[PDB]
Structures are given as C-alpha cells and as structure tokens.
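Provided below as structure tokens are two forms of one protein chain, presented individually as structure 1 and structure 2.
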Structure 1
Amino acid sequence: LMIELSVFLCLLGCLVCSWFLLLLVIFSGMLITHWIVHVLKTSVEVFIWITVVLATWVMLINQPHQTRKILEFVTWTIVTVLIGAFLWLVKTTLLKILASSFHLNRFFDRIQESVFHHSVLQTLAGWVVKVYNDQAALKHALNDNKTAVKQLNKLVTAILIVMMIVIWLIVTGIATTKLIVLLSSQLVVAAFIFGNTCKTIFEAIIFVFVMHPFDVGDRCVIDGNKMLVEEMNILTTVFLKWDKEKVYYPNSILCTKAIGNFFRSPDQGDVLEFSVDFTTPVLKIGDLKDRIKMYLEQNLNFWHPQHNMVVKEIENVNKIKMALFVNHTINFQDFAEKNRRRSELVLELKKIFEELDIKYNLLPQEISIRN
C-alpha cells in the first residue's frame, strides 16, 4: 500500500521533527525518493540507494575491544551489500546484451504490422480483438527463442549469491582462517568429483550461445534426420521429427555433430536419377535434354534455368545410367513444398520418355532345350 509507505515516510519525518537516529530512519524506511530521482532501472536505483546509505552511515559514525567492533561489522556488511549490487547490475547488463543476439528478424514484418495496429488503436478506437490476439502470438514467438538466456540467468545468479556470501564472511572478518581453510579444502574435493558434470554444463553453454548452429523453428538435419527445432535449453534441445515425434537430445551429444540448417541455407538443389537402354540413339538423348530445358524455362517460379544432365556409366551393354541436376528457387525449410515441386518434375520426365519413345529392355536369354 502506497499509503503505508507514505505513513512510514511520515513516521521518519516525525522522528526528525521530535539527528543520526532520524538519518538512520530515512534509510531504514527504504524511501521511494530514489525512485522519484529516477522518475536496468531498478538495479540502478538499488545501487544508488545503497551507495547513499553507506556514505551517510560512514559520515554519521572509545570501546575498541567491545563495541567498536560492531561498527566494523556494520561498515563491512554495508560494503558487501554494495559490492553485491554492483555485480548484480553488471550481470544484468551483460545478459541483456546476450539476449539481443537471439532476436530474430524473421518476425520483422509481423512486428511492423503490430506497431501500426497498436498505434491506430490509441486514437481511432471507440478487428480489435485480432490485433490483440496477434500481439500475444508475436510476444510468445519472440520469447520462445530466449528461454536459454533465462536459464543461464538463474544459474549465474545462484553462483553470484554464493560468491557474495563468501565475500561477506571474509570482508567483515567474521570468518576465521581455520574454517576458511577447511572450506576451501572441501571445495577442491567436490570439484575433483563433480567437475566433469560442470564441464558438460559449460560446454553446452558454449554450444548454445557461441557456436549457435540453429534457432527455434529452424529445420535442421542431424545424422540424416530432418527435424524442426521446437525449443532450446541449456542442457537439451527438443526437436520434432517429420512425423512430429518429440525428441530430446542432450546438448552434450549435439556438440559433437555436424548439423545441417535449411533455414539458413541458400536456394537448394536436387537430383533425379534414371536409366535408359544402351541402344537409345544419341539423338534421343539430345532430345531429352532439350525437352527438359524447355520445361524448366516454362516454370521459373520453381526452377532456376541452370541444370545439368550427366551420363555416368555403361553397364554391360544394356544400361546407361544418367542423372539430372536441378536448382530450386527455395531452400528446404518448407519441405512439403519442395516435394510437390520435385514430384511435378518427375512426372514431366515420365511424359518426355513416353513422347520420345525412350525405353529400357532386359538382356535377352538364350535357351537350349534338352527335351
């Protein structure tokens, strides 16, 4: 309740009106004055507030063996807190920077449409539901590629808190040296035993944030398996297979694989292999090449004009193996579209063989009947 905060402010004012105790009350009150001064923001406000409190306390302030020591305790506790706030602020800034690397521009058009719609809803308002439902869909689409960062933040924070506890224990002088030595000794033993798990976690972090072979929604190829990335985390990546089975891969194994990424690929190519009889006249082979050229040229929304036909080999004297190399106008992120276009090309090849009378026969077999 703002009223309670205001009451506390009033109480502090009363303490001053009725001076170190009042100054202390002003700090104890956790006054919103810093927020007003500030009207990353809240990490900055805390940092400033702590800094002011420390400076005030030191300026505000016989029994060196008995009570003076409490002043040392307080001095250093406040300092530890300020160190903590500082590191906290640094952490936040760096993680925000990291997160920006996960912004995807694939949503640029959706973002611009949403900005326009929300701008007009501020003045022409009095369709609207679609705008808000699309806004929600976009916010989730963008937040889905930042889940690894949120996880890293939790991990880093836990480490940071522990580091600050240790700093407090040391800087205030509360810890003694025999316990510090036993503490460090046990930590080394723990590292010895569980260090290998930490190595794995760290390597997974490098894979996800530095190597970064894929993002969410990309269609990737791993060990010949074409899979869509559903989500990314620090320890695991979740993929959908072509039949939509959900598959969980340890990042520790993906870190050692060659990963294809269709989303990021340039227009991809393809191959149609076939065979014809050895006796097919070279003239029909020439006609086949011309017919194919015309087909591809009549369908430039699907095919680039560059293609090659390669004659590979003569098997016995019966078969000629050939292959047609073509180039699609798309990459293979939309796999179904790729197959539909290829399917039409295969049927065109069928048609050409029929029209040009291209066949394949089996070698003849000689029979001798004994009776």
Structure 2
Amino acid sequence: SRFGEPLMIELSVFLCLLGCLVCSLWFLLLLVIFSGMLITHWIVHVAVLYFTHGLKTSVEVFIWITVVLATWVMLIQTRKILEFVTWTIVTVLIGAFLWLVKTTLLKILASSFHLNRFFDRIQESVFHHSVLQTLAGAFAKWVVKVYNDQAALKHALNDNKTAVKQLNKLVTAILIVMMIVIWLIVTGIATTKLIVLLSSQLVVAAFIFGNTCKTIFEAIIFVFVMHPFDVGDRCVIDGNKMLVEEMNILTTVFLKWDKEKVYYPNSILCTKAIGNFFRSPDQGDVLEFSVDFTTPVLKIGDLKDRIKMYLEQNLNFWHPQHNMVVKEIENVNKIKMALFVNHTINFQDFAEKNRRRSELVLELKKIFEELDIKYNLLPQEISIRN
C-alpha cells in the first residue's frame, strides 16, 4: 500500500514565408492561405495562467476553422461535390467547437478540484523542504512527518490527473462518434435506410448503456463536486474507520484498521453519510463509569476536583473544558456518570488518541482508589428451610 505500510522541425518560420509567397494578385489566395494559415493563428495567439496556457491551442483551432469556412463560403456534377465539401467544413467546425468546450470543462474540473481546496498544504510542504535543505548545510519524528505529507500530496495530485485523463477518454470517444454520425447525415451521405438503422442503434444503446452512463455521471459528481474526502484522509463509513488509499471514478479504495484493502463502489458511497477526521476540528471524548448510590456527595465533589487538576496538568493533551454529568439513579444502588473531555487533536492519528485516553482512564482508576470510591451489589436476603 501507499499508506499504512510498515531541418523540418523548426522550418515553420520559413514555411510561413513561402506560403505568403504563394500569391500576389487572386480569388483563391485565401484557399491557399489555409494551407499554412496555422502560422497566422500562432502569430495571433502570440499577440493575444493555467487556463491560458492550456486553452490557447484549442482556441486557435476553433477560430482557424471558422475563418476557413468563412472564406470558403465567400470563395465560390461539381455542383454536388461542392455541397459536400461545404458541409464537411461545417461539420469540422462543429467538431472543433465541441472540442474546445470539452477541453475547457476538463481544465476547469481538474484545476478547481485542488486549487480551491489544498493550495495551502502545498505551500507548507515547500516550506518544510526548504528548511530541510537549509538544515543540511523528536526531530526525526518531524522529519518523517514532512516526508509523509509530501507523499500524500503527490498521491492526491496523481490520482486527480488520472481521473481527469479517464474522463477525457470517455468524453473524447463519444465526441468522436457523434461527429461521425453528424457528418454522415448533414452531408447527405446517409440515406433513408441508413438513418433508420442508425436511429434504432442509438435507441437500443440508450437502454443498454443507460445505467452505465448514469452511474459514471453520479460518480463524477460525488468525486469532484461533493468531494467528502481526499487521499490519505481517515474517514468513517457506517462505523468503520478507514483510511482512503486511492480514488477513482468507479471505486474508492480504503484500508481498514487491520489494513484490509477494501474496494468500495462509488455508486454506493454516494448515498452514505461520510465522516472525515482529517478535516475535523479538535475532537472530544467520553469516559463512562458507575459508582455506588451511597457515595457521599462530597466524594462526588472531590472526584470532580481531582479530575480538573489532572486535566490542567496535561494541557498538551487536554483542553481545560470538561464536564461531569450525573445521569441516572438505578434502583438505589447505582449512579451512572459520564466524563466529557476535549482532546487537543483531531482523530486522524487514531493510535495517539487512544494512548492519551488510556492515560486518562488510568488516572480515573487512581482517583477512585485514593478517594475510596466503591460499587457494591444489592444485598440478598436468605431464608433457610432446614
């Protein structure tokens, strides 16, 4: 596991000049320009940071084609051949448009997923590594924590890139297919019988792949929009405290307290209430106990006072705020009580939580012995027959 483990190449400038040289008069000059008009788009782009760098090339294609179609329209059985060509160009532009849309949406999703959530953890990681580099020119525990946190960020970053690439493949594939169909029908190539068969194929597919498409969509919303947890977070699902090992579109992989690896479908996880200790504020806890009904109220008062002193001597573990609650009188034999305390940590480090609680439980033991707090069973009257 990742967590829990024990020459032509640069001839474009020249090519562009050669293309310009192609005409100096007349009507076909725009058509000729199209052959190397990409250079013009590149220059326009130069003339025109995450989105900018990632999208400029998609924009260039879109506008490039737009111009080619516009000049084509204004340029002019060759009669039917040209109708065909015109529509082919239109289809190509539609394709580029959709391409641009697709790219944009994935860039938004991919970026906002992390940029608006853990920017600050990245900066903390950089800081500590700068410090380690400087130092090189409980210390060891600190050093290990710094490396483990960096690894966690690397894993989150890689899983996001992977998930986005998977989305990219699904969308690209459907986009390509629909563009083929669009081309065939707008150009007039497909005939009536072909339209009928394509129509049927789509309808049938709509049923077959219906649940699949819905499931993927819901999984995307769960993972990227709701985002109840990240990689490495300790989460609670139906009472199971589990560490998130990996996130994917269809599944989330978790490690149980005993490090069993669990594959948990997102289509199910989407309907559950999910806890997240990593994202929690300092967490609290409870120690329940019972005392005899005859315990003097003064000993109850001494118990409260002794507990307060303990907690105040250990402020690295406990917040000063606590409550002692008397809850119930059972028969006239038992008083049920509970101690409510506040930890100075959240429970991402579960073992540390238990160690601190364990000491508090032993302190309670000690206080009861010193104050002579006891619990007795009710007496039983016996009658003897011979």
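Heads up, when I say rigid core I mean the largest set of C-alphas that superpose within 1.5 Å between the two forms. Reference numbering: structure 1, starting with residue 1.
Among the candidates 285, 82, 205, 272, displacement between structure 1 and structure 2 reaches 2 angstroms at the C-alpha for one position only, 82 (superposition on the rigid core). With the core held fixed between structure 1 and structure 2, residue 91 has its Cα displaced by at least 2 Å. Annotation for residue 30: C-alpha shift of 2 angstroms or more between structure 1 and structure 2, rigid core superposed.
A displacement of less than 2 angstroms separates the C-alpha positions of residue 346 between structure 1 and structure 2, with the rigid core held in common. Taking the rigid core as reference, the CA displacement of residue 120 between structure 1 and structure 2 comes to 11.8 Å. Core-aligned Cα shift between structure 1 and structure 2 at residue 297: this is 0.1 Å. Core superposition places the Cα of residue 149 2.3 Å apart between structure 1 and structure 2.
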